Amino acid sequence: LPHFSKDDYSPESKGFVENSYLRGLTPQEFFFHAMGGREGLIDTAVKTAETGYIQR
Amino acid sequence: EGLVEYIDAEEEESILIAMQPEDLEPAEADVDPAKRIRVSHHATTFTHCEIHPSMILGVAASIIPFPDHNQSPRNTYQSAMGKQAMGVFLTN
Amino acid sequence: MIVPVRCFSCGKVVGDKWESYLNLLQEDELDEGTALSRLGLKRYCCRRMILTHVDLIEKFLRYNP
Amino acid sequence: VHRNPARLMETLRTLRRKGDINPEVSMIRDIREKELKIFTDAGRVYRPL
Amino acid sequence: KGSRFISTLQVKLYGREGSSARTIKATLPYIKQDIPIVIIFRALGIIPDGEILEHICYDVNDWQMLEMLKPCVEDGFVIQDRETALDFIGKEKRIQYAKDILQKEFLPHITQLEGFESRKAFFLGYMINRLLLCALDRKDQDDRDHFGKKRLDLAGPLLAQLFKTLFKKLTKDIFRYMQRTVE
Amino acid sequence: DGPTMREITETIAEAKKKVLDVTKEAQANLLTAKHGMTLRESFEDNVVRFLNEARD
Amino acid sequence: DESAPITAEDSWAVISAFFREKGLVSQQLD
Amino acid sequence: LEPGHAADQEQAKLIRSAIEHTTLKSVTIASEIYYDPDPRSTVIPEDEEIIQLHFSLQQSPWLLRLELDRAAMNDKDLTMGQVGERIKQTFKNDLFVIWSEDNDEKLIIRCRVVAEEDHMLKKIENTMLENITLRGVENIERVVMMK
Amino acid sequence: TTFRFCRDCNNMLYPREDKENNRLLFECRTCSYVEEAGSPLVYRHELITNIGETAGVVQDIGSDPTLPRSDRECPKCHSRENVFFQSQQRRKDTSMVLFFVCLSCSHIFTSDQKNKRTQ
RNA sequence: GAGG
DNA sequence: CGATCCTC
Ligand SMILES: [Zn+2]
Ligand SMILES: [Zn+2]
Ligand SMILES: [Zn+2]
């Protein structure tokens with residue numbers, strides 16, 4: 001993200017959500033969770049299409 | 001008056017952004033445990049600041065109460081549903 | 001779209017309270033919480049009834065016919 | 001090309017921040033790649049800061 | 001602001017990772033086969049090897065990139081002038097087609113005019129520099145998912161496409177009506 | 001619990017220290033990857049592990 | 001003081017300023 | 001592993017080294033082509049010690065000099081002699097190979113061909129790096145020892 | 001390596017052996033030019049490369065706001081004003097090593113404890 | 001086009 | 001030459 005400095009491999013920098021859904025997620029944490037989340041919705045859509053064909 | 005300015009992903013590459021005006025740049029020298037974990041300024045070489053982080057969202061997501069306390073797919077699903085909801089669409 | 005007559009949850013009549021409520025906020029210059037209590041809306045099912053009512057009839061009446 | 005791009009870039013931004021260069025115009029200075037890139041073109045999604 | 005003319009130029013580094021004699025060849029619109037890079041530079045006006053390489057390599061101290069271009073220097077060794085370079089591409093008439101193809105088809109963004117080539121050759125050089133910069137494992141292959149490199153076509157732009165098309169047909173109809181007016 | 005939260009917090013801080021040390025070691029060129037994998041790949045595998053461990 | 005720095009609450013005035021001029025569908029209109 | 005004698009960590013390290021496909025490329029830092037005309041008197045002052053030997057128990061004035069990576073040589077169960085005797089058993093007579101000892105500070109291999117010369121040695125270096133199986137089975141790119 | 005072009009032509013110079021005197025020379029193929037070589041080195045490959053790690057060190061470097069600043073002391077002057085980055089050699093098998101550019105004397109220093117370096 |  | 005089910 002443009003809130004980080006160049007070459008940052010720190011937990012926080014690369015998608016480590018330190019917070020619980022109770023405590024609440026920070027904007028950075030929020031975005032990274034969304035990025036992970038998306039990938040999951042995409043292959044959910046992929047699995048259902050692919051497995052259905054396999055079954056046939 | 002040059003207090004605010006327009007940035008696109010290309011120019012975004014060359015700038016360093018603070019998330020909060022205060023909470024991202026006052027100074028340094030006890031805490032609320034209930035409050036979430038917010039890292040450190042650490043980088044100070046800032047050129048800009050975020051008007052408000054919640055603005056990363058759009059119309060549908062803007063309706064959710066505390067999505068920062070929800071699983072990410074649930075915010076996507078809720079976004080789909082608010083478009084199936086009922087209410088006054090217009091006064092006319 | 002006008003003060004619902006009666007609280008959905010409990011039944012306490014709320015149709016007679018809207019105008020009195022606005023006056024308490026306007027004239028009397030009270031806050032919503034003291035105003036709701038002044039109208040005798042003790043339960044939260046009754047408080048939400050008035051507090052969250054959006055009066056679109058005023059907008060609808062603004063139309064020329 | 002340009003020799004003293006630091007001076008050029010400071011003038012360019014000043015003008016856009018004053019108004020003399022359209023606020024939607026993007027000016028990107030890549031210090032390490034010795035590069036100045038400008039876009040006046042339509043289609044670019046931007047956000048205020 | 002002048003039509004929607006798209007032509008994609010490719011700068012292709014031949015020879016696999018670990019294959020000796022790695023050559024660089026370019027694709028030109030309406031040209032049957034690939035053309036070695038030095039032949040493009042020669043056909044543009046840049047003749048000496050050192051001057052061609054001066055356009056690609058931006059630092060003298062970079063022998064790595066210079067050894068990367070040694071086979072290109074050999075590839076077009078047989079051509080040492082603009083006349084025979086333009087001739088390569090494609091009577092006599094074949095040279096004009098090539099000259100015209102360099103100004104009209106090759107890099108239409110920059111210019112589609114005549115009196116340039118210097119701007120075109122330098123840019124072609126920038127392109128190769130970038131191709132080598134990656135090939136030399138100094139740079140990361142361009143990300144085709146970077147949002148900044150993507151544009152969004154809205155109401156105006158879409159209407160403009162249609163309007164250009166429609167107005168041209170109208171313009172054409174007026175001319176057919178003019179042509180029919182023989183009396 | 002107030003005590004429990006305080007302890008989760010310290011668990012995460014120790015993962016942050018392990019991740020910092022492996023990084024500091026990595027940057028000193030003292031980190032030596034085992035056969036079959038990049039010095040970077042091994043570092044990455046390690047960091048992800050400490051972080052996953054911390055969550056559990 | 002007029003020179004004093006902004007708080008995160010002060011952000012909402014700028015946001016209000018944004019939409020009071022742009023509204024919500026400026027991309028379309030613009 | 002062999003029933004034995006299968007739970008021995010050492011024998012495993014060997015079988016891994018016997019099967020993982022290893023090329024000259026995987027062990028080379030750089031390959032240089034110097035103009036060294038005097039075979040006995042070297043222009044490279046580092047190499048002087050190597051030249052003293054390889055005389056007891058006509059060529060080309062062009063030298064091909066490969067510098068090997070100590071780390072890589074130790075990841076694989078490889079020694080200078082092994083690499084050297086393997087380069088020798090490829091060209092047999094059409095190449096002369098000399099080399100640095102395993103103890104020696106820098107790991108060096110020197111090669112000479114046995115009109116139109118400068119092109120040939122560049123062609124040979126390509127065949128050395130990309131086409132010489134030092135040890136291992138072809139297609140077996142990586143091998144991992146797992147308990 | 002470091003290779004030259006013809007003084008007059010500005011065309012690539014090619015190797016040539018004396019054979020009689022056994023010495024390295026460089027001939028032009030566009031004209032009749034000939035000059036002696038400096039170093040005997042003709043070709044250098046390099047599969048394990050050190051060049052491009054420090055690529056991008058420009059005097060204006062300290063003005064890049066995205067680059068991080070370390071608390072480190074410059075070995076040359078004792079300036080603690082410096083910017084830093086990891087190897088710009090964008091390859092898979094690369095060191096996690098840092099490079100520091102002292103923002104007071106332009107000195108490039110490294111986090112590396114194993115290798116030395118001459119940049 | 002929208003629903004799981 | 002293929003690419004989940006339903007009806008609008
Ligand atoms: Zn009630
Ligand atoms: Zn010459
Ligand atoms: Zn210094």
# chains A, B, ... in the order shown; residues from 1 in each chain; ligands from 1
>>> residues_around(residues="residue 39 in chain F", least_positions_apart="6", cutoff="10 Å", atoms="only C-alpha atoms (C1' of nucleotides)", output="ChimeraX atom specification")
/F:26,29,31-33,45 /I:92-96
>>> interface_residues(of="chain B", to="chain C", cutoff="9 Å", atoms="only C-alpha atoms", output="mmCIF file with C-alpha atoms, in the first residue's frame")
data_model
loop_
_atom_site.group_PDB
_atom_site.id
_atom_site.type_symbol
_atom_site.label_atom_id
_atom_site.label_comp_id
_atom_site.auth_asym_id
_atom_site.auth_seq_id
_atom_site.Cartn_x
_atom_site.Cartn_y
_atom_site.Cartn_z
ATOM 1 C CA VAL B 88 -38.755 4.866 -0.741
ATOM 2 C CA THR B 91 -40.339 10.996 -3.378
ATOM 3 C CA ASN B 92 -42.182 11.107 -6.804
#
>>> interface_residues(of="chain I", to="chain H", cutoff="12 Å", atoms="only C-alpha atoms", output="short mmCIF file (atom, residue, chain, number, x, y, z; two decimals) with C-alpha atoms, in the first residue's frame")
data_model
loop_
_atom_site.label_atom_id
_atom_site.label_comp_id
_atom_site.auth_asym_id
_atom_site.auth_seq_id
_atom_site.Cartn_x
_atom_site.Cartn_y
_atom_site.Cartn_z
CA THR I 1 34.81 -6.46 -20.24
CA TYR I 14 36.61 -6.87 -33.63
CA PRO I 15 39.51 -8.97 -32.18
CA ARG I 16 42.65 -9.88 -34.16
CA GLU I 17 45.71 -11.85 -33.16
CA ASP I 18 49.26 -10.82 -34.26
CA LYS I 19 50.26 -14.54 -34.57
CA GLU I 20 53.86 -13.44 -35.43
CA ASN I 21 54.36 -11.33 -32.21
CA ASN I 22 51.44 -13.00 -30.32
CA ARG I 23 49.50 -9.93 -29.18
CA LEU I 24 45.86 -8.80 -28.95
CA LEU I 25 44.65 -6.14 -31.36
CA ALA I 37 43.87 -4.08 -26.74
CA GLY I 38 44.31 -3.01 -23.09
CA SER I 39 43.12 -6.12 -21.22
CA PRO I 40 43.29 -9.69 -22.75
CA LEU I 41 39.66 -10.20 -21.63
CA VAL I 42 37.45 -10.63 -24.73
CA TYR I 43 34.19 -12.10 -23.31
CA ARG I 44 32.64 -12.16 -19.81
CA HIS I 45 29.44 -14.13 -19.07
CA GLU I 46 28.55 -13.99 -15.34
CA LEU I 47 25.66 -16.30 -14.27
CA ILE I 48 25.84 -15.23 -10.60
CA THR I 49 25.69 -11.42 -10.93
CA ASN I 50 26.39 -8.63 -8.43
#
>>> select_by_dssp(residues="range 11-42 of chain A", states="helix (DSSP H, G or I)", output="PyMOL selection string")
chain A and resi 27-42
>>> write_last_selection(atoms="C-alpha atoms", output="PDB file, in the first residue's frame")
ATOM      1  CA  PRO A  27      -7.951   0.175   7.254  1.00  0.00           C
ATOM      2  CA  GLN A  28      -4.757  -1.627   6.036  1.00  0.00           C
ATOM      3  CA  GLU A  29      -5.887  -4.893   7.774  1.00  0.00           C
ATOM      4  CA  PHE A  30      -9.360  -4.285   6.319  1.00  0.00           C
ATOM      5  CA  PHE A  31      -8.033  -4.068   2.703  1.00  0.00           C
ATOM      6  CA  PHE A  32      -5.768  -7.123   3.025  1.00  0.00           C
ATOM      7  CA  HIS A  33      -8.662  -9.145   4.488  1.00  0.00           C
ATOM      8  CA  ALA A  34     -10.772  -7.996   1.465  1.00  0.00           C
ATOM      9  CA  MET A  35      -7.925  -9.153  -0.928  1.00  0.00           C
ATOM     10  CA  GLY A  36      -7.831 -12.607   0.708  1.00  0.00           C
ATOM     11  CA  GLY A  37     -11.643 -12.671   0.834  1.00  0.00           C
ATOM     12  CA  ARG A  38     -12.006 -11.912  -2.892  1.00  0.00           C
ATOM     13  CA  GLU A  39      -9.726 -14.844  -3.934  1.00  0.00           C
ATOM     14  CA  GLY A  40     -11.999 -17.105  -1.916  1.00  0.00           C
ATOM     15  CA  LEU A  41     -15.173 -15.883  -3.658  1.00  0.00           C
ATOM     16  CA  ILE A  42     -13.483 -16.277  -7.058  1.00  0.00           C
TER      17      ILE A  42
END
>>> residues_near_ligand(ligand="ligand 2", cutoff="7 Å", atoms="only C-alpha atoms (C1' of nucleotides) and all ligand atoms", output="ChimeraX atom specification")
/I:6-11,28-33
>>> write_last_selection(atoms="N, CA, C and O atoms", output="PDB file, in the first residue's frame")
ATOM      1  N   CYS I   6      35.639   2.144 -33.353  1.00  0.00           N
ATOM      2  CA  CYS I   6      36.618   2.846 -34.180  1.00  0.00           C
ATOM      3  C   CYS I   6      36.603   4.364 -33.984  1.00  0.00           C
ATOM      4  O   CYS I   6      35.547   4.989 -34.101  1.00  0.00           O
ATOM      5  N   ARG I   7      37.788   4.949 -33.698  1.00  0.00           N
ATOM      6  CA  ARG I   7      37.977   6.389 -33.474  1.00  0.00           C
ATOM      7  C   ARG I   7      37.203   7.214 -34.496  1.00  0.00           C
ATOM      8  O   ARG I   7      36.496   8.144 -34.111  1.00  0.00           O
ATOM      9  N   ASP I   8      37.293   6.825 -35.780  1.00  0.00           N
ATOM     10  CA  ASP I   8      36.657   7.504 -36.905  1.00  0.00           C
ATOM     11  C   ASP I   8      35.261   6.970 -37.225  1.00  0.00           C
ATOM     12  O   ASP I   8      34.336   7.767 -37.393  1.00  0.00           O
ATOM     13  N   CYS I   9      35.105   5.635 -37.311  1.00  0.00           N
ATOM     14  CA  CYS I   9      33.824   5.017 -37.668  1.00  0.00           C
ATOM     15  C   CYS I   9      32.722   5.058 -36.643  1.00  0.00           C
ATOM     16  O   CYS I   9      31.576   5.215 -37.042  1.00  0.00           O
ATOM     17  N   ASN I  10      33.038   4.835 -35.349  1.00  0.00           N
ATOM     18  CA  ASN I  10      32.082   4.665 -34.238  1.00  0.00           C
ATOM     19  C   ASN I  10      31.278   3.361 -34.513  1.00  0.00           C
ATOM     20  O   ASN I  10      30.076   3.260 -34.261  1.00  0.00           O
ATOM     21  N   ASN I  11      31.979   2.383 -35.100  1.00  0.00           N
ATOM     22  CA  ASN I  11      31.470   1.069 -35.431  1.00  0.00           C
ATOM     23  C   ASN I  11      32.262   0.102 -34.574  1.00  0.00           C
ATOM     24  O   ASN I  11      33.438   0.343 -34.310  1.00  0.00           O
ATOM     25  N   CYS I  28      38.869  -2.581 -37.190  1.00  0.00           N
ATOM     26  CA  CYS I  28      37.606  -2.059 -37.684  1.00  0.00           C
ATOM     27  C   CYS I  28      37.322  -2.757 -38.993  1.00  0.00           C
ATOM     28  O   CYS I  28      38.239  -2.981 -39.796  1.00  0.00           O
ATOM     29  N   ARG I  29      36.051  -3.084 -39.217  1.00  0.00           N
ATOM     30  CA  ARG I  29      35.631  -3.749 -40.439  1.00  0.00           C
ATOM     31  C   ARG I  29      34.966  -2.795 -41.442  1.00  0.00           C
ATOM     32  O   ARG I  29      34.729  -3.198 -42.581  1.00  0.00           O
ATOM     33  N   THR I  30      34.719  -1.518 -41.035  1.00  0.00           N
ATOM     34  CA  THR I  30      34.151  -0.458 -41.889  1.00  0.00           C
ATOM     35  C   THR I  30      35.306   0.198 -42.640  1.00  0.00           C
ATOM     36  O   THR I  30      35.151   0.605 -43.797  1.00  0.00           O
ATOM     37  N   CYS I  31      36.461   0.307 -41.967  1.00  0.00           N
ATOM     38  CA  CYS I  31      37.650   0.931 -42.514  1.00  0.00           C
ATOM     39  C   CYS I  31      38.917   0.128 -42.159  1.00  0.00           C
ATOM     40  O   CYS I  31      38.813  -0.996 -41.660  1.00  0.00           O
ATOM     41  N   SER I  32      40.107   0.729 -42.407  1.00  0.00           N
ATOM     42  CA  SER I  32      41.439   0.157 -42.195  1.00  0.00           C
ATOM     43  C   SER I  32      42.056   0.436 -40.797  1.00  0.00           C
ATOM     44  O   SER I  32      43.267   0.262 -40.623  1.00  0.00           O
ATOM     45  N   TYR I  33      41.236   0.854 -39.810  1.00  0.00           N
ATOM     46  CA  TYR I  33      41.701   1.147 -38.447  1.00  0.00           C
ATOM     47  C   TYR I  33      42.105  -0.129 -37.704  1.00  0.00           C
ATOM     48  O   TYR I  33      41.507  -1.189 -37.917  1.00  0.00           O
TER      49      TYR I  33
END
>>> residues_near_ligand(ligand="ligand 3", cutoff="6 Å", atoms="only C-alpha atoms (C1' of nucleotides) and all ligand atoms", output="PyMOL selection string")
chain I and resi 74+76-79+102+104-105+107
>>> write_last_selection(atoms="N, CA and C atoms", output="PDB file, in the first residue's frame")
ATOM      1  N   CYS I  74      26.785   6.128   9.138  1.00  0.00           N
ATOM      2  CA  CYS I  74      27.573   5.950   7.920  1.00  0.00           C
ATOM      3  C   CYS I  74      29.005   5.582   8.322  1.00  0.00           C
ATOM      4  N   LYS I  76      31.808   6.043   6.554  1.00  0.00           N
ATOM      5  CA  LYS I  76      32.667   7.154   6.090  1.00  0.00           C
ATOM      6  C   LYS I  76      32.636   8.372   7.046  1.00  0.00           C
ATOM      7  N   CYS I  77      31.593   9.239   6.926  1.00  0.00           N
ATOM      8  CA  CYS I  77      31.311  10.359   7.829  1.00  0.00           C
ATOM      9  C   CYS I  77      30.489   9.705   8.926  1.00  0.00           C
ATOM     10  N   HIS I  78      30.054  10.395   9.958  1.00  0.00           N
ATOM     11  CA  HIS I  78      29.257   9.563  10.858  1.00  0.00           C
ATOM     12  C   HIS I  78      27.792   9.884  10.847  1.00  0.00           C
ATOM     13  N   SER I  79      27.300  10.275   9.650  1.00  0.00           N
ATOM     14  CA  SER I  79      25.921  10.664   9.414  1.00  0.00           C
ATOM     15  C   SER I  79      24.925   9.537   9.594  1.00  0.00           C
ATOM     16  N   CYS I 102      24.216   7.029   2.332  1.00  0.00           N
ATOM     17  CA  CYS I 102      24.377   8.136   3.260  1.00  0.00           C
ATOM     18  C   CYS I 102      24.024   9.427   2.568  1.00  0.00           C
ATOM     19  N   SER I 104      24.468  12.429   3.352  1.00  0.00           N
ATOM     20  CA  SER I 104      25.403  13.531   3.667  1.00  0.00           C
ATOM     21  C   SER I 104      26.737  13.452   2.890  1.00  0.00           C
ATOM     22  N   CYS I 105      27.077  12.272   2.316  1.00  0.00           N
ATOM     23  CA  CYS I 105      28.336  12.071   1.587  1.00  0.00           C
ATOM     24  C   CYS I 105      28.210  11.133   0.372  1.00  0.00           C
ATOM     25  N   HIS I 107      27.879   7.970   0.322  1.00  0.00           N
ATOM     26  CA  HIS I 107      28.507   6.679   0.551  1.00  0.00           C
ATOM     27  C   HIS I 107      27.479   5.561   0.558  1.00  0.00           C
TER      28      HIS I 107
END
>>> select_by_dssp(residues="chain D", states="strand (DSSP E)", output="ChimeraX atom specification")
/D:26-30,35-39,46-48
>>> write_last_selection(atoms="N, CA, C and O atoms", output="PDB file, in the first residue's frame")
ATOM      1  N   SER D  26      -1.949  14.349 -14.097  1.00  0.00           N
ATOM      2  CA  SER D  26      -1.057  13.653 -13.188  1.00  0.00           C
ATOM      3  C   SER D  26       0.393  13.734 -13.582  1.00  0.00           C
ATOM      4  O   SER D  26       0.759  13.465 -14.722  1.00  0.00           O
ATOM      5  N   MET D  27       1.213  14.126 -12.618  1.00  0.00           N
ATOM      6  CA  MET D  27       2.646  14.280 -12.773  1.00  0.00           C
ATOM      7  C   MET D  27       3.353  13.326 -11.782  1.00  0.00           C
ATOM      8  O   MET D  27       3.183  13.420 -10.555  1.00  0.00           O
ATOM      9  N   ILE D  28       4.099  12.362 -12.348  1.00  0.00           N
ATOM     10  CA  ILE D  28       4.769  11.299 -11.615  1.00  0.00           C
ATOM     11  C   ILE D  28       6.277  11.333 -11.814  1.00  0.00           C
ATOM     12  O   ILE D  28       6.759  10.978 -12.896  1.00  0.00           O
ATOM     13  N   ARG D  29       7.030  11.719 -10.765  1.00  0.00           N
ATOM     14  CA  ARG D  29       8.483  11.746 -10.856  1.00  0.00           C
ATOM     15  C   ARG D  29       9.174  10.519 -10.198  1.00  0.00           C
ATOM     16  O   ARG D  29       9.188  10.410  -8.964  1.00  0.00           O
ATOM     17  N   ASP D  30       9.760   9.618 -11.041  1.00  0.00           N
ATOM     18  CA  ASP D  30      10.508   8.430 -10.610  1.00  0.00           C
ATOM     19  C   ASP D  30      11.990   8.787 -10.482  1.00  0.00           C
ATOM     20  O   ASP D  30      12.760   8.696 -11.450  1.00  0.00           O
ATOM     21  N   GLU D  35      13.139   9.488 -14.361  1.00  0.00           N
ATOM     22  CA  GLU D  35      11.950   9.605 -15.213  1.00  0.00           C
ATOM     23  C   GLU D  35      10.879  10.583 -14.733  1.00  0.00           C
ATOM     24  O   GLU D  35      10.549  10.596 -13.551  1.00  0.00           O
ATOM     25  N   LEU D  36      10.325  11.384 -15.669  1.00  0.00           N
ATOM     26  CA  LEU D  36       9.211  12.309 -15.439  1.00  0.00           C
ATOM     27  C   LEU D  36       8.135  11.909 -16.434  1.00  0.00           C
ATOM     28  O   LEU D  36       8.375  11.914 -17.647  1.00  0.00           O
ATOM     29  N   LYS D  37       6.965  11.517 -15.902  1.00  0.00           N
ATOM     30  CA  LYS D  37       5.813  11.071 -16.680  1.00  0.00           C
ATOM     31  C   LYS D  37       4.554  11.922 -16.396  1.00  0.00           C
ATOM     32  O   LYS D  37       4.226  12.179 -15.237  1.00  0.00           O
ATOM     33  N   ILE D  38       3.916  12.437 -17.458  1.00  0.00           N
ATOM     34  CA  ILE D  38       2.733  13.284 -17.328  1.00  0.00           C
ATOM     35  C   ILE D  38       1.575  12.722 -18.167  1.00  0.00           C
ATOM     36  O   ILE D  38       1.794  12.264 -19.296  1.00  0.00           O
ATOM     37  N   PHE D  39       0.342  12.756 -17.588  1.00  0.00           N
ATOM     38  CA  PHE D  39      -0.896  12.297 -18.196  1.00  0.00           C
ATOM     39  C   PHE D  39      -2.008  13.295 -18.056  1.00  0.00           C
ATOM     40  O   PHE D  39      -2.427  13.619 -16.943  1.00  0.00           O
ATOM     41  N   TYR D  46      -8.948   8.736 -10.319  1.00  0.00           N
ATOM     42  CA  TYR D  46      -8.216   9.484  -9.322  1.00  0.00           C
ATOM     43  C   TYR D  46      -9.073   9.674  -8.083  1.00  0.00           C
ATOM     44  O   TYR D  46     -10.297   9.494  -8.125  1.00  0.00           O
ATOM     45  N   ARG D  47      -8.433  10.070  -6.988  1.00  0.00           N
ATOM     46  CA  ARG D  47      -9.093  10.291  -5.707  1.00  0.00           C
ATOM     47  C   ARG D  47      -8.441  11.450  -4.981  1.00  0.00           C
ATOM     48  O   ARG D  47      -7.234  11.668  -5.119  1.00  0.00           O
ATOM     49  N   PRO D  48      -9.211  12.239  -4.228  1.00  0.00           N
ATOM     50  CA  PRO D  48      -8.597  13.367  -3.514  1.00  0.00           C
ATOM     51  C   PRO D  48      -7.846  12.940  -2.251  1.00  0.00           C
ATOM     52  O   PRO D  48      -8.135  11.899  -1.682  1.00  0.00           O
TER      53      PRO D  48
END
>>> decode(residues="chain K", atoms="N, CA, C and O atoms (P, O5', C5', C4', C3', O3' and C1' of nucleotides)", output="mmCIF file, in the first residue's frame")
data_model
loop_
_atom_site.group_PDB
_atom_site.id
_atom_site.type_symbol
_atom_site.label_atom_id
_atom_site.label_comp_id
_atom_site.auth_asym_id
_atom_site.auth_seq_id
_atom_site.Cartn_x
_atom_site.Cartn_y
_atom_site.Cartn_z
ATOM 1 P P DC K 1 -13.907 -28.987 -33.268
ATOM 2 O "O5'" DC K 1 -15.260 -28.688 -32.457
ATOM 3 C "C5'" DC K 1 -16.005 -29.715 -31.803
ATOM 4 C "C4'" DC K 1 -15.784 -29.738 -30.297
ATOM 5 C "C3'" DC K 1 -16.801 -28.976 -29.447
ATOM 6 O "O3'" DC K 1 -17.697 -29.934 -28.851
ATOM 7 C "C1'" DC K 1 -14.582 -28.829 -28.566
ATOM 8 P P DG K 2 -18.994 -29.606 -27.961
ATOM 9 O "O5'" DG K 2 -18.356 -29.534 -26.494
ATOM 10 C "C5'" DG K 2 -18.915 -28.828 -25.398
ATOM 11 C "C4'" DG K 2 -17.904 -28.839 -24.273
ATOM 12 C "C3'" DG K 2 -18.292 -28.097 -23.009
ATOM 13 O "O3'" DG K 2 -19.136 -28.924 -22.215
ATOM 14 C "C1'" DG K 2 -15.933 -28.029 -23.507
ATOM 15 P P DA K 3 -20.561 -28.440 -21.666
ATOM 16 O "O5'" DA K 3 -20.181 -27.232 -20.682
ATOM 17 C "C5'" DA K 3 -19.540 -27.505 -19.442
ATOM 18 C "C4'" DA K 3 -18.723 -26.355 -18.885
ATOM 19 C "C3'" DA K 3 -19.496 -25.108 -18.511
ATOM 20 O "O3'" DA K 3 -19.978 -25.270 -17.193
ATOM 21 C "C1'" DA K 3 -17.250 -24.674 -19.247
ATOM 22 P P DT K 4 -21.459 -24.802 -16.806
ATOM 23 O "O5'" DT K 4 -21.648 -25.446 -15.349
ATOM 24 C "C5'" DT K 4 -21.755 -26.856 -15.110
ATOM 25 C "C4'" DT K 4 -22.487 -27.154 -13.808
ATOM 26 C "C3'" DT K 4 -23.966 -26.779 -13.766
ATOM 27 O "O3'" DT K 4 -24.812 -27.797 -14.330
ATOM 28 C "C1'" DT K 4 -22.885 -25.940 -11.832
ATOM 29 P P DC K 5 -26.103 -27.459 -15.235
ATOM 30 O "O5'" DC K 5 -27.249 -27.162 -14.148
ATOM 31 C "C5'" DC K 5 -27.978 -28.174 -13.437
ATOM 32 C "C4'" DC K 5 -28.852 -27.609 -12.328
ATOM 33 C "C3'" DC K 5 -29.998 -26.706 -12.772
ATOM 34 O "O3'" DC K 5 -31.140 -27.437 -13.257
ATOM 35 C "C1'" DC K 5 -28.805 -25.644 -11.044
ATOM 36 P P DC K 6 -32.136 -26.880 -14.397
ATOM 37 O "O5'" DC K 6 -32.912 -25.688 -13.644
ATOM 38 C "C5'" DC K 6 -33.780 -25.924 -12.524
ATOM 39 C "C4'" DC K 6 -34.083 -24.693 -11.679
ATOM 40 C "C3'" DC K 6 -34.878 -23.604 -12.375
ATOM 41 O "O3'" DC K 6 -36.246 -23.936 -12.295
ATOM 42 C "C1'" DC K 6 -33.030 -22.628 -11.298
ATOM 43 P P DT K 7 -37.068 -24.270 -13.624
ATOM 44 O "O5'" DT K 7 -37.561 -22.798 -14.064
ATOM 45 C "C5'" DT K 7 -38.498 -22.019 -13.280
ATOM 46 C "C4'" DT K 7 -38.214 -20.518 -13.196
ATOM 47 C "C3'" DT K 7 -38.971 -19.592 -14.162
ATOM 48 O "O3'" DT K 7 -39.658 -18.515 -13.453
ATOM 49 C "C1'" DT K 7 -36.695 -19.006 -14.055
ATOM 50 P P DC K 8 -40.648 -17.380 -14.047
ATOM 51 O "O5'" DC K 8 -39.977 -15.970 -13.645
ATOM 52 C "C5'" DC K 8 -38.578 -15.662 -13.794
ATOM 53 C "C4'" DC K 8 -38.221 -14.207 -14.114
ATOM 54 C "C3'" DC K 8 -39.147 -13.413 -15.040
ATOM 55 O "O3'" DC K 8 -39.637 -12.235 -14.390
ATOM 56 C "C1'" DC K 8 -36.957 -13.724 -16.074
#
